[PDB]
Structure formats: C-alpha cells, structure tokens
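For reference, the structure discussed in these notes is given below.
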Amino acid sequence: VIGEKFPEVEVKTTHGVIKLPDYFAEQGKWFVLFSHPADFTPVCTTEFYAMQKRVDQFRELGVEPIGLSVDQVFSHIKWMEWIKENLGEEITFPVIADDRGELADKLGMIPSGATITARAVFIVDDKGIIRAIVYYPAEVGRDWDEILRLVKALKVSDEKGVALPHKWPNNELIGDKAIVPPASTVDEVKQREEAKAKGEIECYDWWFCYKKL
Amino acid sequence: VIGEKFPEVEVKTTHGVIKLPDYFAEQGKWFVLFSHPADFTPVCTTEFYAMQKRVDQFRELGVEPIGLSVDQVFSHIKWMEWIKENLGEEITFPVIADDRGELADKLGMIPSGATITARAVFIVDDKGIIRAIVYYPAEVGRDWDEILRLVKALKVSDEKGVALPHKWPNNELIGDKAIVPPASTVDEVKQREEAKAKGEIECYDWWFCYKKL
Amino acid sequence: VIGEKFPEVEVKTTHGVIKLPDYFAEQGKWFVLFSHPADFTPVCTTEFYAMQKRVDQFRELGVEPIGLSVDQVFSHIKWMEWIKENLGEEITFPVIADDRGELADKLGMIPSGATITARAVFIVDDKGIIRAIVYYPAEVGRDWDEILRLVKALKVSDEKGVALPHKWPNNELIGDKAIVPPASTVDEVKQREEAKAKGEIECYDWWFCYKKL
Amino acid sequence: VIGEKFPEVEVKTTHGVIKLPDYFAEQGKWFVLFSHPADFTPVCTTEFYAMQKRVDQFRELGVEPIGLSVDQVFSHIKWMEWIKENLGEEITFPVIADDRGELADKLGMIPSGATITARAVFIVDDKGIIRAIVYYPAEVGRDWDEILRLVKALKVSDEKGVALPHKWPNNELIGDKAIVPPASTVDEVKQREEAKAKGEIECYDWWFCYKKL
Amino acid sequence: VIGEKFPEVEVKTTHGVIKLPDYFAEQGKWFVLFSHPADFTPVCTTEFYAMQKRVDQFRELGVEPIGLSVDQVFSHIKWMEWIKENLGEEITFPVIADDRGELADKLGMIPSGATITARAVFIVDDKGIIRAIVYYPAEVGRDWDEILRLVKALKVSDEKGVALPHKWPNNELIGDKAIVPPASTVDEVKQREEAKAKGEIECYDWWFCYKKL
C-alpha cells in the first residue's frame with residue numbers, strides 16, 4: 001500500500017547483490033520497480049525492449065529502472081543476450097532473481113491463484129517511500145510512456161509543491177499548467193483572491209486555481 | 001451526558017485546525033456546538049442563516065458558535081459561499097469536518113440506524129463542562145432563540161448563584177426575577193424568613209423565594 | 001438515543017400504575033415524558049404550573065404529558081395540592097414516582113455526579129419510538145412553548161411527509177411553509193425541475209424546495 | 001446485627017450534612033435511629049408527633065433521636081411544617097433523606113418485596129456500638145415508651161454493671177430492683193452467700209440475686 | 001427479614017418434637033417464638049414467669065408462645081420445675097432445645113461475638129410468614145406487654161384491613177381508632193372526600209383518615 005516505506009530487503013540481481021532501497025536512496029536516486037511473469041516470454045520481451053529504449057529518459061530524471069521475476073540469474077542474462085541479438089538492444093538496467101518469490105509475496109505482486117508475479121509497477125523515491133502502484137494482468141503489456149508521464153508529474157509535484165491535472169503536460173483544459181492545492185480554510189481563501197487579482201495565479205474558482213512553471 | 005468535561009479532541013475546521021475545548025476555554029470563552037446532517041440541504045441551511053443572523057448576540061455573551069458535520073471542508077466552504085450569494089449572509093463562525101464521525105460517535109450525536117449526525121446542540125463553558133444537551137430530528141429545525149434564552153439563563157445562574165424560572169426572562173408568574181435556590185436545612189429556613197421580613201427576597205413559601213437582579 | 005424504542009416498563013404514577021408506552025400507544029396517543037429533580041422546589045413548580053396551563057394545547061394533539069421525579073407518590077399529590085391551593089391551577093396530568101431512579105437510569109436522565117433526575121424531556125409517538133430528547137440542568141427552567149412548537153412540527157412532518165425550517169411556523173425565510181426533502185438522485189432533481197414550472201413548489205435550488213400546506 | 005460497630009457513613013439531614021456515628025459519639029451522646037416508610041403518611045405522623053412530645057426525655061438521658069426515610073429533604077421539612085400547624089408541634093430532631101436507600105440497605109431496614117424502609121429502631125451508644133434492634137411492620141406504630149424503658153435499662157445496666165428484670169422499673173417480682181449477673185463459677189458462688197448473709201444483696205438462689213440502686 | 005417465610009424446620013421441645021411453622025399453621029394458630037440465653041439465669045426467669053401469667057391472653061388470640069435456648073431438654077424441664085416449686089406458676093408453653101444453635105443461626109439470633117442466643121422475638125402468622133422481629137441484649141429483659149399490644153395490633157390490621165397509630169389503642173391523637181391506608185392516587189383522594197362528608201371517616205388530611213371499629 002502507498003505511502004509506506006519500502007521493505008529493507010536484500011536482492012540478488014543481474015548487476016550484483018544489492019541492498020534495497022538503501023542502494024538507490026543513498027545515491028539521491030529514485031527507482032521504478034516492475035515485475036514480469038517469466039524470462040523468455042513474448043509480451044514481457046516487448047516491454048523490456050521498450051524500457052531499454054527509454055532507460056535514459058528515466059535515468060535522466062534521476063530515476064533508476066529495475067526489473068524482477070522468480071527466474072534465476074542465468075536465464076535472466078541469457079534472455080537479455082537474446083534481446084541484444086534478435087532485437088539488437090543491450091539490456092542495461094538491473095533484474096531481480098526473486099527467489100521463490102520472497103519479495104514478490106511481501107509486495108502483493110502475485111495474483112489470485114498464482115505462484116508467479118504479474119505485471120506490477122512500483123514507484124519509490126529517494127526517501128524509500130512508495131509513491132504509486134500499478135497491477136496489470138499477464139495478458140497485457142504496460143505503457144512506459146504513461147509510467148513516464150506519472151514520474152515527471154511526481155518529480156515536479158515535489159519540487160514545486162503543486163498538483164498535476166488529468167493528462168499533464170497535455171491537459172485539455174489548462175495544458176501544461178500546474179494546479180494550486182485547493183484551499184481548505186477561509187483565510188486561505190483570501191490568499192486565493194489576493195493572488196488572482198494582482199495576477200500570480202488564474203482561477204476557475206477559489207478551490208480550482210492554476211499557474212505556469 | 002451533562003456535567004462531564006468535554007473530550008480533549010482536535011478538529012479540522014473551516015477556519016483552521018483547532019484544539020477542543022482548549023481553544024475556547026483558554027480565551028475565557030464558552031461555545032455552543034451544533035450538528036447538521038449534510039452540507040447543501042434545506043432545513044440545515046435555514047438554521048445556518050439564522051445562526052449567522054444571531055452570531056453577535058451569542059458572541060456578545062462571550063459565547064462562540066461552531067457547527068459540525070461529516071462532510072469535507074471543501075463542500076463546507078462551498079455551501080457557505082452559497083448562503084452569501086443566495087441569501088446574502090456571509091457565514092462567519094467555524095464549521096467542523098467531522099471525519100468519518102470520529103467526534104460525533106464520542107458525543108452520541110448519531111441516531112439509531114444512522115451513519116450521519118442529527119440535530120444536536122451542546123453548551124460547553126470556559127472550564128470545558130458540558131452544560132446542556134439537545135437532540136432534535138432531521139425533519140425539524142431548531143430554534144436559536146430558545147437556545148439563546150438558555151445560555152443567558154446559564155450565564156446569569158453562574159454569575160449570581162440563582163436559578164431561573166420556567167420561561168425566564170418572561171416567566172408568567174415572577175417575570176424576569178431570579179429564583180433563590182430552595183433551602184434544604186432548618187437553619188437555612190430561618191435565613192429565608194429573616195430575609196422576607198426586612199425585604200431582600202419575596203417568598204411564596206420558604207422553598208419558593210425570588211428577587212430582582 | 002433518537003429513533004430507538006421506548007423500553008417496556010411498568011410505572012407508579014399519581015393516577016394509577018400504567019404500562020409504557022402501552023398505555024398511550026394503545027389508545028393511539030403520543031406522550032411527553034419529562035423529569036424534575038424534586039417536589040417542593042421553585043423552578044420545578046414554575047414548570048408544572050406552566051404545563052398545566054398548556055395541557056389542553058398538547059391534549060388536543062393526541063400528545064399526553066407525564067412527569068417523573070424520584071419522590072414518593074404521597075409527596076407528589078401534596079405538591080399538586082399546594083399548586084392547587086396556592087396558584088389556582090389544578091395539576092391534571094400524571095406524575096411517576098420512580099423508586100431509586102430505576103427508570104431515570106435506563107434513560108440516563110442522571111447528570112454526572114448525583115443520584116437525582118435533572119430536567120429531561122423525551123417525546124414519544126404512538127408506536128413507542130423516541131423522537132426527540134432534551135437535557136436541561138436544574139438551574140434553568142425549560143420553555144414549554146419550544147416543546148409545544150417541536151411537537152406541532154413533528155405531527156406535521158409525519159402526516160404530510162415533509163421537513164420543517166428553522167423556527168417554523170415563523171421561519172425568517174418562508175414563514176409557515178413546509179420544506180421538501182432534498183432530491184438525492186439525478187432523477188429526483190428533474191422531478192423538482194418539472195414541479196417548479198407548474199407552480200407546485202417554490203425553489204432557492206433543486207435541493208431547497210418548499211410549499212404551502 | 002447487634003454488638004457490631006455502626007457503619008461510618010455520611011448523611012444528608014434536615015439539620016445539615018452530618019457524619020455518623022462520629023457526630024454523636026464525639027459529643028458523649030448516644031442515639032436512637034428509627035425509620036419510616038414515607039413523609040406525609042398517617043401512622044408515621046402519629047409517631048413523629050409522639051417522639052417530639054418525648055424528645056426531652058430521650059435528650060435528657062444524653063440520648064439523641066434521629067429519623068430516616070428515602071424521601072428528599074424538601075418533603076421532610078414540608079411535612080414537619082405540617083405537624084407544627086395541624087398538630088401544633090414543631091419537630092426538633094434531625095431527619096435523614098436516605099438517598100435511594102444507600103444506608104437502609106446496609107442496615108437491613110427493608111422488608112421482603114420492598115424498595116422502602118419499614119418501622120425500624122436502632123439504639124447506638126457513644127462508642128458506636130449498636131445495642132438493640134426492632135423491626136415492626138408498616139401497618140403498626142411503635143411505642144416510644146417501650147423504646148424509652150429499654151434505653152434507661154441500658155444506661156443503668158452500663159453505669160452499674162447490672163441486668164434488668166422483665167418490665168423494669170415495674171417488675172412484678174422484684175419491682176425496680178436491679179439484677180446481679182448470675183454467678184458462673186464455684187468461687188463466685190461463695191461471693192453470693194457471703195453477700196446474702198451480711199445483707200448487701202437478696203437471693204431467690206445463687207444465680208438469681210438482686211439489690212436496690 | 002420481615003415479610004419472609006419461616007424456614008421449614010423440625011425442632012426438639014419440652015412438649016415433643018414438632019415441625020415449624022406446620023404445627024401451628026396446620027391448626028391455624030400464630031405463634032411467638034422467643035429466645036433466651038440460658039436456663040437458670042435471672043432476667044431469663046423473670047420473663048418466663050411473666051409469659052406464663054400472660055399465656056392465656058395470647059392463647060385467646062390464636063397466638064402460641066414458644067421459646068428457645070441452646071440448653072438440653074433435661075436442663076429446661078428442671079428450670080420449669082424450679083419456677084413451679086419456687087414462684088407458684090407452672091410453665092405451660094413449649095421450649096426448644098436447639099442443639100449447637102442450628103436454628104438460632106438461620107434466624108441469626110446470635111449477637112456479634114458469642115455462641116449463644118440473645119433475646120429475640122419473632123412473630124409469625126398462620127401462613128408461616130414473619131411479621132415482626134425484635135433483638136434485645138441479655139442485660140435488658142423484654143416487656144411482654146409491648147408484644148401483647150403488637151400482636152393485638154396485627155390481628156386487627158389483617159381482619160379489618162387497616163393500620164394502627166402510635167401506641168394504639170391508647171394513641172394520644174385518636175385513642176383506639178383505626179387509621180385508613182393513605183390514598184395514593186387522585187381517584188383515592190376523592191374516595192376520601194366523599195367518605196368524610198357522610199361521616200364514615202374523620203380526617204386531619206386526605207392522607208390522614210381514621211375511624212371507629
């Protein structure tokens with residue numbers, strides 16, 4: 001569940017034995033953890049390919065990607081050699097060999113009826129706080145562009161203490177403008193009008209206010 | 001139940017996060033808490049309007065009014081904007097967003113069968129003591145003039161160590177005269193006659209005595 | 001607590017021993033049960049007098065008054081005879097001699113700190129159901145008019161299926177008009193729209209509708 | 001039950017809040033506590049009248065009378081005003097408003113089936129020891145002259161270490177002579193004959209001996 | 001405790017072994033059970049003598065006297081023979097030899113501190129019901145006249161449905177008149193009004209009515 005710290009938990013990965021979330025957190029970095037059913041499978045492969053393609057967009061935001069399945073490291077690597085040779089993309093982000101699903105269990109990555117992970121995504125910042133969560137089925141690949149929009153929103157949201165409208169930065173109504181957290185007190189309301197008159201923010205109403213970054 | 005101190009309990013309100021009863025008590029002030037079913041409803045609105053109209057009568061007695069419902073602050077404020085625009089009365093006293101009914105539960109504001117507050121009034125002084133309690137139904141609006149009479153009686157009652165007759169200050173029998181707490185001991189009885197003869201009080205009997213303020 | 005059933009109970013009164021609510025609900029009458037601390041006290045006398053000059057107003061309605069203190073029957077009738085002899089009114093409604101507070105306690109009419117009833121009013125329909133409750137402290141006499149008003153309000157709400165505005169039938173916004181129960185589905189709102197055009201109800205909003213009786 | 005100390009217990013009375021038995025005991029005084037069903041009743045009134053008439057006989061023995069019922073102080077006093085006006089005897093001894101029968105319970109003053117006291121008398125000395133106990137029914141008034149005989153006997157009995165014959169001071173056999181506690185040892189028997197010869201006591205037998213005061 | 005049933009019990013007396021109350025209630029007679037500490041003691045002798053000179057007074061009424069100490073039967077009859085030989089009266093009522101106090105204990109005739117009966121009187125009707133109780137200490141002999149009076153009072157109350165005044169039939173306010181049970185409903189008071197006019201009862205008040213037998 002959201003807002004909880006991330007379990008302090010150690011993982012065997014393709015790039016080494018690492019400590020979570022300490023390894024990313026101590027480096028200022030955030031990370032998007034995501035789980036896939038099984039190495040050497042179709043949909044899963046389309047997703048890995050696509051992440052690699054976008055790895056520098058995530059990374060460039062200070063956001064480290066990392067995958068995970070119940071498979072063992074040797075089939076992880078082998079499958080990644082495959083993507084380098086048949087799709088021609090060297091996979092460059094770490095993958096978790098989640099042994100027996102130690103961690104998957106703890107994170108509710110498993111669906112009803114199952115002993116393998118699903119299609120889960122977790123976004124976790126540099127203070128170890130889980131920020132958002134996604135569970136799609138086996139039968140449907142994710143969209144990393146939606147997962148990308150989200151993170152940017154979050155980054156901005158924290159950096160500027162603002163909310164982001166539906167579909168930001170392409171909101172049909174206020175475009176790429178950021179939303180002012182709606183006011184909750186009568187005195188905070190005077191701060192909204194004080195701001196509208198004099199032109200810092202724009203306001204459909206006292207609760208609905210927005211500005212540019 | 002009457003005479004109990006008021007639970008030390010913190011509230012989110014329209015005018016801010018405040019502490020009850022410390023906030024009023026530490027200021028010398030008393031307060032009349034009253035609960036309503038739901039923002040944006042007919043009867044409830046007629047009552048809020050009416051309180052605003054009388055807010056300076058209460059306040060002038062050192063008696064602060066404050067409302068409460070299970071609604072959230074944003075619909076509180078919005079509904080109050082409504083009363084300012086359709087009735088033309090800016091609502092000026094605090095309202096409690098009673099989350100899930102934390103507080104309502106504690107105060108027995110809820111009727112049999114229900115998950116929303118009723119039509120309750122509590123009068124609570126500057127030592128946090130609950131002084132009186134009213135529970136009317138959803139289907140009937142209160143009378144703030146009766147709630148007003150009562151408080152004045154109380155104020156006077158404490159200031160002068162006197163009781164107030166039925167319907168004071170317009171008692172059919174002794175008018176706006178205050179009642180002498182009936183004597184309970186044979187020696188206290190001599191103090192009644194000693195007082196009647198010599199003219200300080202007037203007496204239908206030794207238990208039934210009264211005077212002017 | 002409101003909405004709840006009046007406990008079945010057998011009580012000793014000045015007029016007989018009766019079963020409540022049965023005695024009144026049997027006949028199809030409502031009743032107002034009210035409590036006073038003790039016979040031969042002043043405020044308590046002012047309210048018995050006042051009730052007796054109101055008794056037929058209530059009695060007209062199918063509402064029966066009935067009182068209660070922890071005093072013995074003999075004490076009661078003596079007090080009633082004092083009121084007869086000394087003020088011109090003969091008390092003509094029953095009063096319950098409530099041994100050791102056995103009823104006062106189920107209804108929790110007992111204020112924090114003491115072994116005697118305070119000033120309580122319970123109003124009960126012809127089905128033994130509890131419609132309204134009022135706990136006033138000893139130092140402040142009630143106002144039998146406010147209760148008269150409340151009962152009138154109640155009887156109306158039930159017979160016409162309506163609600164009542166602050167201080168009805170003298171409300172500041174609509175005098176003695178009845179309020180229509182707020183529309184609470186999209187379908188009920190249109191029901192309102194179509195009723196406004198067709199002058200069957202006037203409206204401040206789709207949720208604020210009233211009418212003449 | 002006899003011989004027990006009297007419960008240390010505080011009472012609201014007509015003459016004030018007092019502490020029992022400390023209040024009488026600390027003053028050297030004894031007291032006769034007696035209970036009556038209800039203020040304003042026939043038999044009970046005949047008894048109160050009669051006690052007042054004899055109050056100076058009891059008091060003169062250092063024996064303070066005090067009454068008690070479950071009624072409240074205001075009806076106590078009121079009923080006493082009655083006796084002053086219709087019989088013309090100001091009642092001058094304290095009466096207990098035994099709230100809910102706190103004390104009556106403790107003393108077994110209540111009969112089978114009942115929530116009111118009966119016709120009980122307790123004699124209790126200046127060391128708090130209960131000396132004697134009487135329970136008559138509702139339907140029969142006491143005899144204060146029998147209760148008076150008894151106390152005198154007791155007073156004398158303690159002052160002189162003697163027993164009192166049936167009906168003292170008008171015993172058919174030995175008149176107002178006091179009885180010598182029958183001897184219980186062979187050596188104590190020699191003290192009886194030693195006393196008969198030489199004329200201090202008179203003796204029907206060695207166990208049955210008596211003398212004048 | 002009064003109003004309660006006399007425990008069923010089989011006792012060894014000087015006249016036989018009998019079952020109580022059965023032996024008396026069977027025949028339709030009442031009985032006075034009384035206890036003394038011990039045979040061959042002085043006060044105890046003065047009261048046995050006195051009872052025997054009263055026995056036919058009681059016996060006339062359907063009241064049977066019966067005594068009890070913790071002494072063995074042989075001891076008892078020896079004592080009775082001493083009273084015969086030494087004072088002219090032959091004891092002619094039974095006396096219970098109560099082994100180890102087995103009955104004295106159920107009736108709790110045992111005073112705080114000791115293993116022997118004191119001076120107790122229980123009066124019991126022909127239905128085994130306990131009408132009055134009296135616990136006198138050893139140092140003070142009883143007055144068989146007061147008990148004679150009490151029993152007379154009782155028998156009357158039952159046969160005529162009345163109550164009795166202080167010290168009846170020599171009451172200071174009405175001699176040997178009977179008291180009418182206080183009217184306790186508004187209807188019973190009128191019943192009294194109409195009986196006074198029509199000279200069937202005299203009255204100090206509606207609650208204080210008497211009559212000749």
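Residue numbering: from 1, along the chain as shown.
For all residues, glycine too, the Cβ spot is worked out from N, Cα and C.
Record features (Swiss-Prot):
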ACT_SITE  E:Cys44  active site, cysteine sulfenic acid (-SOH) intermediate
BINDING   E:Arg119  substrate binding site
DISULFID  E:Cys203-E:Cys209  disulfide bond
Next item on the list: Could you check the recorded positions E:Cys44, E:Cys203, E:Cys209 and say which one's CB has the fewest neighbouring CB atoms inside 10 Å?
Entry: E:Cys203
Note to self: To see if you understand the setup: which same-chain residues, six or more apart in sequence, place their Cβ under 8 Å from that of the residue listed as 'substrate binding site'?
What the structure shows: E:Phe34, E:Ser35, E:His36, E:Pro37, E:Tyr135, E:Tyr136, E:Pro137, E:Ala138, E:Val140, E:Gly141, E:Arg142
Next item on the list: Between E:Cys203 (disulfide bond) and E:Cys44 (active site, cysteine sulfenic acid (-SOH) intermediate), find the distance joining the two CA atoms and give it rounded to the nearest Å.
Entry: 45
Notebook entry, point to check: Rounded to a whole number, how many Å is the Cα of E:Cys44 (active site, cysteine sulfenic acid (-SOH) intermediate) away from the Cα of E:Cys209 (disulfide bond)?
Noted result: 41
Margin query: I want to verify one value. Collapsing DSSP to three states, which class is E:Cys44 (active site, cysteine sulfenic acid (-SOH) intermediate)?
Written below: helix
Margin query: Taking each of E:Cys44, E:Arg119, E:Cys203, E:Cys209 in turn, which of these recorded positions have a Cβ less than 8 Å away from a Cβ in chain D?
Written below: E:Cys209
